[PDB]
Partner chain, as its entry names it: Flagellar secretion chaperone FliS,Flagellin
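Below you will find one chain, with nothing else, as structure tokens; this is the form deposited without the partner chain, and questions on how it binds or moves follow later.
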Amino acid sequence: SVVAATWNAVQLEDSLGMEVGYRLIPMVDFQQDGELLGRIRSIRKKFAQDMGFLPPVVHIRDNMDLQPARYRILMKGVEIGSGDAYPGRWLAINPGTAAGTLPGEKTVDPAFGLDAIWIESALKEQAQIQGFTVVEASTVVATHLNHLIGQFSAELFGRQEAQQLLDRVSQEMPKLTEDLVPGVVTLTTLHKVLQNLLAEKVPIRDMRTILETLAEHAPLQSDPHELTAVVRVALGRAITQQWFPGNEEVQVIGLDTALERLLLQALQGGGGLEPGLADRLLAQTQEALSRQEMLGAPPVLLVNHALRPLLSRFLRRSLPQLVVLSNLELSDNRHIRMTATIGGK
């Protein structure tokens, strides 16, 4: 009787959990209204169809030590996000364009930081005329969970997630899968290159091109560091058209003609720089980001292919918003213009 109570306090290990305040229990229980439950699997399906893999299910239950309207999202036990959701009220978000003001609790949306107001339902039509995006309560939690899942797509993608990706893809594409793992490339390294792509916001939707590429390079090379760059080049048209959608002008961040030279000889064995230059490199990268942001341009640093993996992991530990692309990853049929530069004069 009591013997099974002990083993189920210890059975816990949820890869993504959300603890909820008591007034947000209704939208979480199937017997009251499951409006958040339908929201959570809606966003889980889109993520499977936008990112490539199905995320671990969110298991949610109560926590009375937190305030009534506050939800906490946390990943395998460590906290990633939080915020308020008032079930009786609506969130009126302003994307800067809408005109005017509205009464109620002044706040900012939990995902992007836009100015927002919590409003009563009678004023729902008010904010819509003004141009404010009126958003329900269950949605604020779902949209914030969706945004935080995408920010942590790589970490959510563990060894067990790669195998169910293998399984799902092994049966529509059987000829590309039976010989591949563990024949060509091992499952350990197979998982680490798709995680490498997710950590740089590169989607995994096209598994065919990813596996077709591996069949040709992985037989006599299984460093996940080099296979990632090889796979990235194969996905080069999708990478281009997601940060440069359409056929407009590719305005990138560039490196100094002397810095890139000095940077190559560091890895080339002919002399690494003073540490102060490395901190100086980080400094102008921040100014290049804010510059490209002051002209309304994507935060893309277009780089020599040999320098791409280094500067990517070196500059994104501190500036995660930066995107570091290779010259081989950008398409041919695109006209380039450097708008910001790191290391100038």
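Numbering follows the first chain given and starts at 1. Under this definition, the rigid core comprises the largest set of C-alpha atoms superposing within 1.5 Å between the forms.
The following text describes the form solved in complex with the partner chain, which does not appear among the structures shown.
- Contact annotation for residue 133: at least one heavy atom lies within 4.5 Å of the partner chain in the bound PDB entry.
- In the bound PDB entry, the partner chain lies farther than 4.5 Å from every heavy atom of residue 320.
- Interface membership of residue 125, defined by any non-hydrogen atom within 4.5 Å of the partner chain in the bound PDB entry, is confirmed.
- Taking the partner from elsewhere, residue 45 is found to have a heavy atom lying within 4.5 Å of the partner chain in the bound PDB entry.
- Residue 139 is the only one of 139, 163, 170, 186 with a heavy atom lying within 4.5 Å of the partner chain in the bound PDB entry.
- Among the residues 39, 70, 280, 308, the one placing a heavy atom within 4.5 Å of the partner chain in the bound PDB entry is 39.
- Residues 268, 304 and 339 are none of them found to lie within 4.5 Å of the partner chain in the bound PDB entry, as judged by heavy atom distances.
- From the list 93-101, 204-212, 224-232, 176-184, the contact stretch for the partner chain in the bound PDB entry under a 4.5 Å heavy atom rule is 93-101.
- Residues are counted as partner-facing when one of their heavy atoms sits within 4.5 Å of the partner chain in the bound PDB entry; in 98-125 these are 109, 110, 111, 112, 114, 124, 125, in sequence order.
- Among the residues 188, 121, 101, 171, the single one whose Cα moves by at least 2 Å between this form and the one not shown, once the core is superposed, is 101.
- Residue 131: CA moves 2 Å or more between this form and the one not shown after rigid-core fitting.
- Core-superposed comparison between this form and the one not shown: the C-alpha position of residue 295 differs by no less than 2 Å.
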